[PDB]
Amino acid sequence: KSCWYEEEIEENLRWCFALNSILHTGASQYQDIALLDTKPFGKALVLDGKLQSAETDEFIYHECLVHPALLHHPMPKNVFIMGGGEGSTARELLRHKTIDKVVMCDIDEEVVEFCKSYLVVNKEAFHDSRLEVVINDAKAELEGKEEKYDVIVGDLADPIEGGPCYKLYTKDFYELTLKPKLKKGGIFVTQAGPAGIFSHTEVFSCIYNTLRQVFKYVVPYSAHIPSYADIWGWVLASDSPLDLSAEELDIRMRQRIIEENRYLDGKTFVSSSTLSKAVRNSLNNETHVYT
């Protein structure tokens, strides 16, 4: 009961974890970096006093972020990650047998170097010959290269939290920068912030509605991440249908992904994409568009 990490997850709500140690610290010009060894959730990466990922449950976030998008694609070969940095999104992508190139594009090289040093789980990923790490703003990087991708993965900070990432959630970004970089049949997925019965209105509903303005097919889905103290959300978007059965997803996971997923099977995905009454209605009624 002695030592605690405390985070105010909203103005009137605090989440505190007991600590074993403060393992490593760092800073970049951009943000303070800490790896805490926490009692409830293991090793926790904290950026400017905000938890990013925890050892015990980051697999849920990263499996949910990555696998549904790739599984719905008939043959995904190259993927661009906007953000990432920790190595975990790349790790999950690199489990797919069809993938021959992963680009991880994140502005903060010291975070990437910190994670390559200290997030043991991603050592194999960071050494895989298919991974290229680009240190740049993702918008500038997409704009400046002609390569198109089968899948693009948004693994950036939530939009409302500041300026830099906000631009990467706008209708104009999606329409005029992101789509031209998707191959025919391409799939976009983004993390879409909290997706709780009330917390979902902060950004999840707006991200969903913004994507609805741009892509023909949009599938929001969500899952509990214990260390985040909330349900978290993601949104798939494509100009081709996003419709697979639990059974087809399972067959695809067996065919295409090395080793067994820990969190996600077909039925889990079907559950995740079946939102509750209130959340579904709220997503339906949402009028705000990043724009």
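So that there is no doubt, residue numbering starts at 1 and follows the sequence shown. For the two forms, the rigid core is made up of the largest set of C-alpha atoms that agree within 1.5 Å on superposition.
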{"property": "Between 220-228 and 22-30, larger RMS Cα displacement in 5 other deposited structures of this protein after core fit", "result": "22-30"}
{"property": "More variable segment, 163-171 or 111-119 [Cα RMS over structures in 5 other deposited structures of this protein, core-superposed]", "result": "163-171"}
{"property": "Of 61-69 and 246-254, the stretch whose C-alpha atoms average the higher B-factor in the entry", "result": "246-254"}
{"property": "Given 82-90 and 172-180, the range whose Cα B-factors average higher in the PDB entry", "result": "172-180"}
{"property": "Candidate set 192, 211, 111, 75 [ranked by C-alpha B-factor, highest]", "result": "111"}
{"property": "Options 150, 100, 143, 155 - largest CA temperature factor per the record", "result": "143"}
{"property": "Third of the chain's Cα B-factor distribution that residue 24 belongs to, per the entry", "result": "highest"}
{"property": "For residue 13, the third of its chain into which the C-alpha B factor falls", "result": "middle"}
{"property": "Chain-relative CA temperature factor third for residue 222", "result": "lowest"}
{"property": "Ranked against its chain, the third holding the CA B-factor of residue 238", "result": "lowest"}
{"property": "Position of residue 118 among the chain's modelled residues by C-alpha B-factor, lowest, middle or highest third", "result": "highest"}
